[PDB]
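Engineer: I'd like to ask you about the structure that follows.
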There are 2 protein chains.
Amino acid sequence: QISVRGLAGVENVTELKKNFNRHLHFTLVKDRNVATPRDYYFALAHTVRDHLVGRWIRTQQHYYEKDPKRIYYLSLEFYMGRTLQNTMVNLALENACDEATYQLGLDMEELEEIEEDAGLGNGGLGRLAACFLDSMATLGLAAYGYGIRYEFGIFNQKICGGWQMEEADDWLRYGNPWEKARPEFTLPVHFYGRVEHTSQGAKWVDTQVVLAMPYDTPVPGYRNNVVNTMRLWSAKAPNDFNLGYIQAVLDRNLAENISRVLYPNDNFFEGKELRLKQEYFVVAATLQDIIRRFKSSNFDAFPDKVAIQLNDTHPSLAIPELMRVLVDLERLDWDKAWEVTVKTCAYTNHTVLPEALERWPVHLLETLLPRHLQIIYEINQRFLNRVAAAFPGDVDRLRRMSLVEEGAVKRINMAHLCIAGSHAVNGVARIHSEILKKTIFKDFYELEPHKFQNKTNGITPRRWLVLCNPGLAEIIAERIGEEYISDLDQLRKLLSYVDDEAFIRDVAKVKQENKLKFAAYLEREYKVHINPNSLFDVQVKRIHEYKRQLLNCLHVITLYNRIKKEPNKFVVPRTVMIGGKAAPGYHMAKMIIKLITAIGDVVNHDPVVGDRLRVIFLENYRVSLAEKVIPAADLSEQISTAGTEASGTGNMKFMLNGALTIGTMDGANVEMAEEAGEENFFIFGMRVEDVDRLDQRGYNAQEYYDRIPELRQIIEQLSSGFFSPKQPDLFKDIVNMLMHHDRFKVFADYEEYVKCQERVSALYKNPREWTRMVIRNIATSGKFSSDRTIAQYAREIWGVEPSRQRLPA
Amino acid sequence: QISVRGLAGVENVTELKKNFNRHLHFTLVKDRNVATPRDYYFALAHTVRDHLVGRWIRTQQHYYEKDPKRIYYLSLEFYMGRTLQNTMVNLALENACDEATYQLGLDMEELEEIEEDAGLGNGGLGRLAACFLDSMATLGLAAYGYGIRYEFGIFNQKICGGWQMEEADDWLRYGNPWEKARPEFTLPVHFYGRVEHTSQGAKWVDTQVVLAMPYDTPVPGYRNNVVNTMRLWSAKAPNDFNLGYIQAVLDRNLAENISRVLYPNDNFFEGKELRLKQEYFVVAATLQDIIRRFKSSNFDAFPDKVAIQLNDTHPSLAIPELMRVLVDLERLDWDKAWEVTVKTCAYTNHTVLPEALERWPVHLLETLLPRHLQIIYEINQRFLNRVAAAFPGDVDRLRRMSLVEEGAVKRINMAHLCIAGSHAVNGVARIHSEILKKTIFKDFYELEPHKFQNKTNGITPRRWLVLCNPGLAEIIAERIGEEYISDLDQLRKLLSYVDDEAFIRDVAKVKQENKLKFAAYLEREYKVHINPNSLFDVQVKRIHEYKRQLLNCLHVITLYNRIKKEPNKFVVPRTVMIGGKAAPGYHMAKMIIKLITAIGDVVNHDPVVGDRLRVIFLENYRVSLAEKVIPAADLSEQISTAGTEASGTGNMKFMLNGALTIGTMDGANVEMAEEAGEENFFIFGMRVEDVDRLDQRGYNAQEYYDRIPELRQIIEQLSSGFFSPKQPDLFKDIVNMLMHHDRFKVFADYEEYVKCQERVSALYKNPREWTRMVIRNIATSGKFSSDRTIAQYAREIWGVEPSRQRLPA
Ligand SMILES: CCc1ccc([C@H](C)CC(=O)N[C@@H]2O[C@H](CO)[C@@H](O)[C@H](O)[C@H]2O)cc1
Ligand SMILES: CCc1ccc([C@H](C)CC(=O)N[C@@H]2O[C@H](CO)[C@@H](O)[C@H](O)[C@H]2O)cc1
């Protein structure tokens, strides 16, 4: 039907139909009389999977023959979403499968909705890993993603009485057709035990063993016949484990719990033993696999053949594990091993909030990983000796830079370990990388300036344009061809269409159709009823104080109060949508969700408001929901306190899909405005420098309450029970925090935010000029392709050259 | 190569080769360069499986169209063994697959050895269920086996220092290609809670829910294109289960533990809560499935369309569950529901030892299954009212027959429940069925004589002749054709060959080749070195006192002592092989294994003995080992105390495969001797009547020790440390039991056993007359086909007619 979706050849359609029927019969063991839509989904998934395997086998054979440098991307999170459509896109099979299924009497879009998300991450960090795998395959890199196969991913969110409830995400219940178990490559991982010193070095003995069984998932590049591998480890007990008899068998669950569940606490560190076990488990299995593959081609060449990228500090134990293997098992001297390790490892930092930093109690490492603690102490002493030689007499620097933190409980700072043991350290947007050098890692930058880099984040335009917004992809392809899908800088060519009346109309029509489709989805699956002519004002991301969903709430209540004050005045109609999950233990985040639904309960049923203002909490935000709502949005809310959002990536998804952005000069918002032009962005609020000046003087929220009558009215409404009639004090914790303990200065940006929102409403009244500004945003989004990001990692960190050349089919 | 293995057509071989290569590539995702023998096994299994599915779908569709009476065989155990060869046999594909794999450069027998046994049973009861499924498919019955999918089956036995060690049987580690998960037919099962009485009947409320997910395995009939289903349930927690957050997810394991592990204690009852949960779990899921299938065609017709066979009392909760469903949910009056239940259910008893009987504490049922306890009390009161009307004034009968046992702890006798609620009760051999009527169920027989039947056990001649002994099957087929494989009574025709010199030679040659093959297997996999010209004297079965492995040990030591006394006298050389697992908690059984290995340690290294006597403990006895050793045996040891082995089925396997039997007149041994003629059997020892007379007088083992010098010598050797030099008192528990507390009267049959063994040795010296007697055994083994057994259940209990007619391919 549409061009970017590829050819529907007669031979291809015929072959797909026969393979579909073959899988239904032989694989699923059904016939058409008993088959449900889920059976049909599985028959299609197996049919598409078959087209991957030839390319998968020949890619891995190709890497064996050519022996390129291998890139290992270690992450505790891979937020993959659904696989069926992405695979069809990358293999150019979408139109052929659409035709084949149509001829069999099925609707393919309906079958696509049956697939579960692979929700093996929390948010930005996990989804970045997923975009990165797609770009690495698309750029022809010999790359492997390594992680954990969690039995339960991020919880499903239900809203009950306005409150978040969590339920287990049993994503494997019906099977996962994309993975292949590889029980033959199972590897042992050791825990506990003790260290013995022989004449022939240290030995780690009397350990408990857990097995790591790998499952491999294919990662297709875009139309290049490259298929890379994501290998996820699953925990298994050995067969003599604990080996009354019955209890010993039931206790195997204790070992296997390592891979049971994803920790859902993001940007807040909890020193839990089970989490530490997960981190070591992925590192120990992965490194054995790396070394095996290297030997099946002298460790001096190891850094020429291996790169290990640490996605935050979560896999930081790779550093002392690599040392352990090289020194204890391979018998290299320390200095040689350290050289190899540093040249192999590189570390990406994703946050600056101090409570998010991993600082493990020494006593936990002592008991679980006694040899690793010894190695970390040795690393620390040698490192501090270099610091002392460079900055003689600076004793406070020695205590600041130490890997060991002294105090009530001694802790290991894993960020300091990563910097010491990596040849490169990067932040994820220009402003974040600068902040790392000027503040939290200042001392390290002064010692080793050459280590510190920037790699601004990006998103894959396969999933985040072609897949989720085919209408937009098509009207763009009509004008400039298809090459932009793997070379996103070509969207700059669209600037020559900013005055083209046909293009203006088509861009606006695509948005309108996306909005109608989403408005329909809402009624169907959630009995909620919205005006599709309203401005769609959207803030979707995990719930955190720093992201300031509360600032958005203050604006919504302001709009509501202004309507009630002058009900017969015209205002631009809005549908304000907020969605995202809260970490189960984070009380304030749970109260914020409740506040949002409470505001909706009042606003959405006030007859004077009519359909001029609606407030909807989007339940169970996840990758498959992002693919639906982002194409429908008019306004993207990116309103974190300046200096707190390291980059953001949702921001980039909205820009690519034809929404304008209201935001602070934070994370990648700075670079987005620089690319598009500040005139084409809705920037407001304090810059980082203004936040610093306020902290020096002392933030006093009372001052804002005293001087801004509209703000005072909202606080009095919250305090008095206007949004919670039966429980008048329900939101007192929120009010108390805002008035006395607000680390993120919500009131300080309120006045500027409301004024900026008025400028948004004014532009939206002129459809033609709104759409021209949109075109200027889409046209300058190219820098934010993860293909650009990965090309920079490849050349500046990993020392490998990307390639757009096809492998042969 | 051999005829009974079917045709190797050019078209068929070509098609098998292409499908094998297809699975290797697309299913396994390998190529020939990296593939291991296990990959090749899986490629073959998937290729053979594809030939099942068409027949499976069309069989189940056939039953839907024709709506025959359905037979539901409920068992906690299905001891299936390996599936690949059995499937090839039943589909006539063995020679074609042999050719196809040969042409691909692989040896099929080697690939067959890779498959794990499905060890979902302990021994005789579990293996009977498996033979029965094969016969039911072969006879065209619309039959379903229902059980539990244990994650861990019967443990793997390792022998360390002569002692049994248990390790977990992780049989699913590499996947199971034969099963199909059916998560779409998942059903809820309830536990705990409480009963509320409304005006509209009882209600069971506030329960905990566990989900039952079914996995279906195909069961092919012999060359009739029938493929029936074995449905095994797996326990899953619901997704709101327990729904700190982390602990709630980890605690899902508590629900899922129901299906984790097979209880390995056979013939000894332990009232464990987890076992009771397993029994209810299988019953509750199965009955919902039965009722659903019945409704998808008025409960008066239920017994016309449904038969439920209870394999011992393990699924006895079917009786009150069916009542619960009919009365509480469907609102039938009690009397009508009871009529339907009795006409639907039938019960097979498999033992007479009182410690094997299930007697559940009332307090466990009260807490776990409060509504079922109420129903059982009501059943009991109505039943005892009938007893009182039939035998007025007989108050002791009322207490003997009660389902409720009074005492320290009140218990429910599940055997009494089964008799009360079934229209038929059967034992498993003629002598056992008579014992049931005369002793343990005498009172019930007097009340309802029409209920009591016999169904003598049998074995499937597909697995237990064609599959495991193709050489024998072939020389038989040469003379009488192939029809005997599904009509085993035709082996009687072999009596006309008892004087045929060619047949005599071929029978003896087949045995010799089987012995050479087994002797080789021993060296290869277990570095043990035997004389293949010796008489192979074999006792394989679970280790129990009643089976008297100890009596065999006394004979072995007698032979050894006789050699040492007259070393230069000729004796017929023997290899004595004993194998079987002991229940983990059964101390005496563990000591018996140790004694057997201890005897071997002395005997096998005495240079004066040479290769005249060897004693080997066969480690990890299981179905796949039985298939190897039984064809190789000369002498089958079936030496239980008269009245203790309900039937035996190993006895029948040996008879069919050309071994002679030394045995007591116990279980099916009685019928085997009756069929073959007592002259052609080696019968010894007390009959049941003699055991009774000894018990009346009182068994005094000292008397035998005082009067039999050879026996006294052995006891002194055991006591003094002759078989345990470093631990002289190691076997004192054994000696103490034999001398003072022997329930099974080992000494009382010793003299007769030794004399009978001398008569065995004498016949073995005349190869020609040994072989003629063998022919007379094989020729009269037909009655012991499980096809005969199932035809009798069908006609006399289930009320359905068997059929040998092919369904169309
Ligand atoms: C120790 C608990 C924990 C778990 C996860 C994390 C992640 C690093 C949180 C995260 O997702 N950070 C986000 O990373 C994205 C990809 O670089 C950025 O775009 C976001 O700005 C950043 O918040 C921190 C702490
Ligand atoms: C409650 C523990 C428990 C578990 C299993 C059993 C089974 C009934 C034991 C068993 O396997 N009995 C055997 O059943 C075979 C099939 O009918 C007979 O051939 C054997 O004689 C009988 O011992 C009893 C008690």
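Ligands are numbered from 1 in the order shown, chains are lettered A, B, ... in the order of the structure tokens, and residues start at 1 in each chain.
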Mind listing the residues within 7 Å of ligand 1, only C-alpha atoms and all ligand atoms counted, as a PyMOL selection string?
Structural biologist: chain A and resi 122-126+128+265-270+312+350-351+356-358+428+457+645-649+667
Engineer: Go ahead and save the residues from that selection, with N, CA and C atoms, as a PDB file, in the first residue's frame.
Structural biologist:
ATOM      1  N   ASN A 122      13.756  -0.241  32.614  1.00  0.00           N
ATOM      2  CA  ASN A 122      12.928   0.700  33.329  1.00  0.00           C
ATOM      3  C   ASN A 122      12.506   1.905  32.507  1.00  0.00           C
ATOM      4  N   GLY A 123      13.393   2.366  31.637  1.00  0.00           N
ATOM      5  CA  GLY A 123      13.196   3.642  30.971  1.00  0.00           C
ATOM      6  C   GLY A 123      14.320   3.970  30.043  1.00  0.00           C
ATOM      7  N   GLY A 124      14.895   5.159  30.209  1.00  0.00           N
ATOM      8  CA  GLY A 124      15.846   5.731  29.241  1.00  0.00           C
ATOM      9  C   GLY A 124      17.111   4.919  29.004  1.00  0.00           C
ATOM     10  N   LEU A 125      17.736   4.466  30.090  1.00  0.00           N
ATOM     11  CA  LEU A 125      18.962   3.698  29.980  1.00  0.00           C
ATOM     12  C   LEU A 125      18.732   2.392  29.213  1.00  0.00           C
ATOM     13  N   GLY A 126      17.661   1.684  29.561  1.00  0.00           N
ATOM     14  CA  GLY A 126      17.321   0.426  28.902  1.00  0.00           C
ATOM     15  C   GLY A 126      16.949   0.586  27.429  1.00  0.00           C
ATOM     16  N   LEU A 128      17.906   3.087  25.482  1.00  0.00           N
ATOM     17  CA  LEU A 128      19.116   3.466  24.763  1.00  0.00           C
ATOM     18  C   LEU A 128      19.923   2.254  24.305  1.00  0.00           C
ATOM     19  N   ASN A 265      13.715   0.125  40.594  1.00  0.00           N
ATOM     20  CA  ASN A 265      14.066   1.408  41.214  1.00  0.00           C
ATOM     21  C   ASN A 265      15.090   2.098  40.330  1.00  0.00           C
ATOM     22  N   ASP A 266      14.686   3.149  39.626  1.00  0.00           N
ATOM     23  CA  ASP A 266      15.619   3.894  38.766  1.00  0.00           C
ATOM     24  C   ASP A 266      15.950   5.255  39.374  1.00  0.00           C
ATOM     25  N   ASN A 267      17.134   5.763  39.084  1.00  0.00           N
ATOM     26  CA  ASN A 267      17.683   6.896  39.849  1.00  0.00           C
ATOM     27  C   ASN A 267      17.495   6.851  41.408  1.00  0.00           C
ATOM     28  N   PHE A 268      17.574   5.658  42.018  1.00  0.00           N
ATOM     29  CA  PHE A 268      17.750   5.541  43.487  1.00  0.00           C
ATOM     30  C   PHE A 268      18.425   4.226  43.923  1.00  0.00           C
ATOM     31  N   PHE A 269      19.602   4.330  44.532  1.00  0.00           N
ATOM     32  CA  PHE A 269      20.412   3.141  44.823  1.00  0.00           C
ATOM     33  C   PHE A 269      20.004   2.459  46.116  1.00  0.00           C
ATOM     34  N   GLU A 270      19.706   1.166  46.011  1.00  0.00           N
ATOM     35  CA  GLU A 270      19.494   0.297  47.159  1.00  0.00           C
ATOM     36  C   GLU A 270      20.520  -0.828  47.158  1.00  0.00           C
ATOM     37  N   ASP A 312      26.630   2.433  32.410  1.00  0.00           N
ATOM     38  CA  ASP A 312      26.655   2.901  33.784  1.00  0.00           C
ATOM     39  C   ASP A 312      27.544   1.962  34.618  1.00  0.00           C
ATOM     40  N   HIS A 350      25.332   7.965  33.179  1.00  0.00           N
ATOM     41  CA  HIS A 350      23.980   8.409  32.855  1.00  0.00           C
ATOM     42  C   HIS A 350      23.296   9.241  33.935  1.00  0.00           C
ATOM     43  N   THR A 351      23.985   9.632  35.005  1.00  0.00           N
ATOM     44  CA  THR A 351      23.298  10.517  35.954  1.00  0.00           C
ATOM     45  C   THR A 351      24.210  11.286  36.859  1.00  0.00           C
ATOM     46  N   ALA A 356      21.615   8.223  43.191  1.00  0.00           N
ATOM     47  CA  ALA A 356      21.579   7.217  42.132  1.00  0.00           C
ATOM     48  C   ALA A 356      22.910   6.465  41.994  1.00  0.00           C
ATOM     49  N   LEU A 357      23.978   6.988  42.600  1.00  0.00           N
ATOM     50  CA  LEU A 357      25.300   6.399  42.457  1.00  0.00           C
ATOM     51  C   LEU A 357      25.441   5.116  43.268  1.00  0.00           C
ATOM     52  N   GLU A 358      26.078   4.110  42.675  1.00  0.00           N
ATOM     53  CA  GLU A 358      26.258   2.831  43.357  1.00  0.00           C
ATOM     54  C   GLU A 358      27.434   2.926  44.290  1.00  0.00           C
ATOM     55  N   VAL A 428      26.360  11.880  28.218  1.00  0.00           N
ATOM     56  CA  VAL A 428      25.379  11.466  27.220  1.00  0.00           C
ATOM     57  C   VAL A 428      24.727  12.663  26.553  1.00  0.00           C
ATOM     58  N   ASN A 457      23.342  11.370  23.090  1.00  0.00           N
ATOM     59  CA  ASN A 457      22.428  10.249  22.853  1.00  0.00           C
ATOM     60  C   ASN A 457      21.688  10.422  21.532  1.00  0.00           C
ATOM     61  N   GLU A 645      18.405  16.357  34.120  1.00  0.00           N
ATOM     62  CA  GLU A 645      18.195  15.323  33.101  1.00  0.00           C
ATOM     63  C   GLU A 645      19.458  15.186  32.279  1.00  0.00           C
ATOM     64  N   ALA A 646      20.203  14.072  32.414  1.00  0.00           N
ATOM     65  CA  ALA A 646      21.495  13.955  31.737  1.00  0.00           C
ATOM     66  C   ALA A 646      21.380  14.203  30.224  1.00  0.00           C
ATOM     67  N   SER A 647      20.378  13.600  29.590  1.00  0.00           N
ATOM     68  CA  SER A 647      20.145  13.840  28.156  1.00  0.00           C
ATOM     69  C   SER A 647      18.675  13.933  27.884  1.00  0.00           C
ATOM     70  N   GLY A 648      17.963  12.845  28.182  1.00  0.00           N
ATOM     71  CA  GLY A 648      16.622  12.629  27.675  1.00  0.00           C
ATOM     72  C   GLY A 648      16.745  11.971  26.304  1.00  0.00           C
ATOM     73  N   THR A 649      15.782  11.122  25.969  1.00  0.00           N
ATOM     74  CA  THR A 649      15.670  10.536  24.628  1.00  0.00           C
ATOM     75  C   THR A 649      14.225  10.592  24.133  1.00  0.00           C
ATOM     76  N   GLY A 667      19.895  18.849  29.585  1.00  0.00           N
ATOM     77  CA  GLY A 667      20.286  17.689  28.776  1.00  0.00           C
ATOM     78  C   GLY A 667      20.370  17.977  27.285  1.00  0.00           C
TER      79      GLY A 667
END
Engineer: Restrict the distance test to only C-alpha atoms, flag each residue of chain A within 6 Å of chain B, and return the flagged residues as a list in words.
Structural biologist: residues 167, 168, 239 and 240 of chain A
Engineer: Write out the residues from the selection above, keeping N, CA, C and O atoms, as an mmCIF file, in the first residue's frame.
Structural biologist:
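Okay, this is what ended up in result12.cif:
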data_model
loop_
_atom_site.group_PDB
_atom_site.id
_atom_site.type_symbol
_atom_site.label_atom_id
_atom_site.label_comp_id
_atom_site.auth_asym_id
_atom_site.auth_seq_id
_atom_site.Cartn_x
_atom_site.Cartn_y
_atom_site.Cartn_z
ATOM 1 N N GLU A 167 1.422 -5.230 38.998
ATOM 2 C CA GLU A 167 1.337 -6.664 38.846
ATOM 3 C C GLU A 167 2.424 -7.205 37.974
ATOM 4 O O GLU A 167 2.955 -6.512 37.096
ATOM 5 N N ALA A 168 2.776 -8.452 38.256
ATOM 6 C CA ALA A 168 3.892 -9.110 37.611
ATOM 7 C C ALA A 168 3.703 -9.209 36.111
ATOM 8 O O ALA A 168 2.631 -9.571 35.630
ATOM 9 N N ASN A 239 23.159 -29.778 39.315
ATOM 10 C CA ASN A 239 22.287 -30.942 39.649
ATOM 11 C C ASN A 239 22.581 -31.664 40.969
ATOM 12 O O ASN A 239 21.718 -32.380 41.514
ATOM 13 N N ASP A 240 23.783 -31.453 41.492
ATOM 14 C CA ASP A 240 24.102 -31.872 42.856
ATOM 15 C C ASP A 240 23.805 -30.773 43.900
ATOM 16 O O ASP A 240 24.194 -30.919 45.054
#
Engineer: May I have all residues of range 226-397 of chain B that DSSP, computed from the backbone, assigns to alpha helix (DSSP H), given as an NGL selection string?
Structural biologist: :B and (245-250 or 252-256 or 273-295 or 302-305 or 318-324 or 334-344 or 362-368 or 370-390 or 395-397)
Engineer: For CA of residue 709 in chain B and CA of residue 745 in chain B, determine how far apart the two atoms are, in Å to one decimal place.
Structural biologist: 17.8 Å
Engineer: Contacts of residue 142 in chain B at 10 Å or less, counting only C-alpha atoms, minus same-chain residues fewer than 3 places along, as a ChimeraX atom specification?
Structural biologist: /B:59-60,62-63,67-72,136-137,139,226-229,800,802
Engineer: Include N, CA, C and O atoms and write out the residues we just selected as a PDB file, in the first residue's frame.
Structural biologist:
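Everything below was put into out_5.pdb:
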ATOM      1  N   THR B  59      -7.103 -37.501  14.489  1.00  0.00           N
ATOM      2  CA  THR B  59      -7.689 -38.346  15.540  1.00  0.00           C
ATOM      3  C   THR B  59      -8.611 -37.508  16.436  1.00  0.00           C
ATOM      4  O   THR B  59      -9.751 -37.904  16.709  1.00  0.00           O
ATOM      5  N   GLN B  60      -8.131 -36.364  16.922  1.00  0.00           N
ATOM      6  CA  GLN B  60      -8.936 -35.564  17.854  1.00  0.00           C
ATOM      7  C   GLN B  60     -10.193 -34.996  17.168  1.00  0.00           C
ATOM      8  O   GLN B  60     -11.259 -34.959  17.766  1.00  0.00           O
ATOM      9  N   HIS B  62     -11.723 -36.584  14.670  1.00  0.00           N
ATOM     10  CA  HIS B  62     -12.551 -37.796  14.597  1.00  0.00           C
ATOM     11  C   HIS B  62     -13.368 -38.012  15.874  1.00  0.00           C
ATOM     12  O   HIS B  62     -14.570 -38.258  15.800  1.00  0.00           O
ATOM     13  N   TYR B  63     -12.736 -37.911  17.047  1.00  0.00           N
ATOM     14  CA  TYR B  63     -13.480 -38.055  18.309  1.00  0.00           C
ATOM     15  C   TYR B  63     -14.514 -36.949  18.503  1.00  0.00           C
ATOM     16  O   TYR B  63     -15.567 -37.175  19.080  1.00  0.00           O
ATOM     17  N   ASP B  67     -18.138 -38.503  18.724  1.00  0.00           N
ATOM     18  CA  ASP B  67     -18.538 -38.406  20.141  1.00  0.00           C
ATOM     19  C   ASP B  67     -18.636 -39.759  20.865  1.00  0.00           C
ATOM     20  O   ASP B  67     -19.668 -40.065  21.457  1.00  0.00           O
ATOM     21  N   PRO B  68     -17.552 -40.559  20.848  1.00  0.00           N
ATOM     22  CA  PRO B  68     -17.580 -41.827  21.575  1.00  0.00           C
ATOM     23  C   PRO B  68     -17.469 -41.579  23.070  1.00  0.00           C
ATOM     24  O   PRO B  68     -17.161 -40.466  23.498  1.00  0.00           O
ATOM     25  N   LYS B  69     -17.759 -42.596  23.862  1.00  0.00           N
ATOM     26  CA  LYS B  69     -17.463 -42.539  25.293  1.00  0.00           C
ATOM     27  C   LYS B  69     -15.961 -42.341  25.484  1.00  0.00           C
ATOM     28  O   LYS B  69     -15.134 -43.033  24.855  1.00  0.00           O
ATOM     29  N   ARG B  70     -15.612 -41.396  26.353  1.00  0.00           N
ATOM     30  CA  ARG B  70     -14.217 -41.033  26.596  1.00  0.00           C
ATOM     31  C   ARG B  70     -13.714 -41.691  27.866  1.00  0.00           C
ATOM     32  O   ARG B  70     -14.412 -41.677  28.882  1.00  0.00           O
ATOM     33  N   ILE B  71     -12.504 -42.226  27.808  1.00  0.00           N
ATOM     34  CA  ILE B  71     -11.874 -42.871  28.958  1.00  0.00           C
ATOM     35  C   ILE B  71     -10.780 -41.940  29.518  1.00  0.00           C
ATOM     36  O   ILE B  71      -9.835 -41.581  28.795  1.00  0.00           O
ATOM     37  N   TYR B  72     -10.885 -41.601  30.799  1.00  0.00           N
ATOM     38  CA  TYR B  72      -9.893 -40.734  31.468  1.00  0.00           C
ATOM     39  C   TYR B  72      -9.112 -41.522  32.502  1.00  0.00           C
ATOM     40  O   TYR B  72      -9.688 -42.009  33.499  1.00  0.00           O
ATOM     41  N   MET B 136      -4.148 -48.563  24.793  1.00  0.00           N
ATOM     42  CA  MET B 136      -5.394 -47.876  24.523  1.00  0.00           C
ATOM     43  C   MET B 136      -5.425 -47.217  23.120  1.00  0.00           C
ATOM     44  O   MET B 136      -6.458 -47.239  22.455  1.00  0.00           O
ATOM     45  N   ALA B 137      -4.314 -46.628  22.712  1.00  0.00           N
ATOM     46  CA  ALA B 137      -4.156 -46.073  21.357  1.00  0.00           C
ATOM     47  C   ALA B 137      -4.201 -47.190  20.302  1.00  0.00           C
ATOM     48  O   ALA B 137      -4.834 -47.033  19.252  1.00  0.00           O
ATOM     49  N   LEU B 139      -5.687 -50.023  20.482  1.00  0.00           N
ATOM     50  CA  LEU B 139      -7.028 -50.571  20.429  1.00  0.00           C
ATOM     51  C   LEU B 139      -8.110 -49.554  20.059  1.00  0.00           C
ATOM     52  O   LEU B 139      -9.286 -49.851  20.138  1.00  0.00           O
ATOM     53  N   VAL B 226      -3.879 -43.876  14.804  1.00  0.00           N
ATOM     54  CA  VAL B 226      -4.508 -43.255  15.974  1.00  0.00           C
ATOM     55  C   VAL B 226      -3.389 -42.573  16.782  1.00  0.00           C
ATOM     56  O   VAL B 226      -2.303 -43.137  16.974  1.00  0.00           O
ATOM     57  N   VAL B 227      -3.652 -41.339  17.215  1.00  0.00           N
ATOM     58  CA  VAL B 227      -2.728 -40.619  18.088  1.00  0.00           C
ATOM     59  C   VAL B 227      -3.575 -39.982  19.183  1.00  0.00           C
ATOM     60  O   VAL B 227      -4.350 -39.041  18.951  1.00  0.00           O
ATOM     61  N   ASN B 228      -3.438 -40.547  20.379  1.00  0.00           N
ATOM     62  CA  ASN B 228      -4.158 -40.080  21.540  1.00  0.00           C
ATOM     63  C   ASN B 228      -3.298 -39.057  22.290  1.00  0.00           C
ATOM     64  O   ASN B 228      -2.216 -38.735  21.860  1.00  0.00           O
ATOM     65  N   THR B 229      -3.822 -38.539  23.395  1.00  0.00           N
ATOM     66  CA  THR B 229      -3.174 -37.456  24.163  1.00  0.00           C
ATOM     67  C   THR B 229      -2.924 -37.834  25.616  1.00  0.00           C
ATOM     68  O   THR B 229      -3.803 -38.388  26.288  1.00  0.00           O
ATOM     69  N   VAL B 800     -17.053 -50.091  26.693  1.00  0.00           N
ATOM     70  CA  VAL B 800     -16.714 -49.685  25.323  1.00  0.00           C
ATOM     71  C   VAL B 800     -16.061 -50.844  24.608  1.00  0.00           C
ATOM     72  O   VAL B 800     -15.422 -51.689  25.232  1.00  0.00           O
ATOM     73  N   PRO B 802     -13.274 -52.323  22.018  1.00  0.00           N
ATOM     74  CA  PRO B 802     -12.024 -52.039  21.313  1.00  0.00           C
ATOM     75  C   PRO B 802     -12.157 -52.188  19.791  1.00  0.00           C
ATOM     76  O   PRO B 802     -13.144 -52.743  19.305  1.00  0.00           O
TER      77      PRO B 802
END
Engineer: Extract, using only C-alpha atoms, all DNA, RNA and protein residues at most 8 Å from range 299-311 of chain B, discarding same-chain residues fewer than 5 positions from it, and format them as a list in words.
Structural biologist: residues 68, 69, 70, 71, 72, 73, 74, 75, 76, 125, 294, 316, 340, 341, 343, 344, 345, 346, 347, 348, 349 and 798 of chain B
Engineer: Rounded to one decimal in Å, what is the spacing between CA of residue 770 in chain A and CA of residue 612 in chain A?
Structural biologist: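 Computing it gives 19.5 Å between the two atoms.
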Engineer: Any chance you could list, as a PyMOL selection string, the residues in range 408-486 of chain B that come up strand (DSSP E or B) when DSSP is run on the backbone?
Structural biologist: chain B and resi 411-413+424-427+452-454+459
Engineer: Just want the 9 Å neighbourhood of residue 117 in chain B, counted on only C-alpha atoms, with same-chain residues fewer than 6 positions away dropped. Output as a count of residues only.
Structural biologist: 9
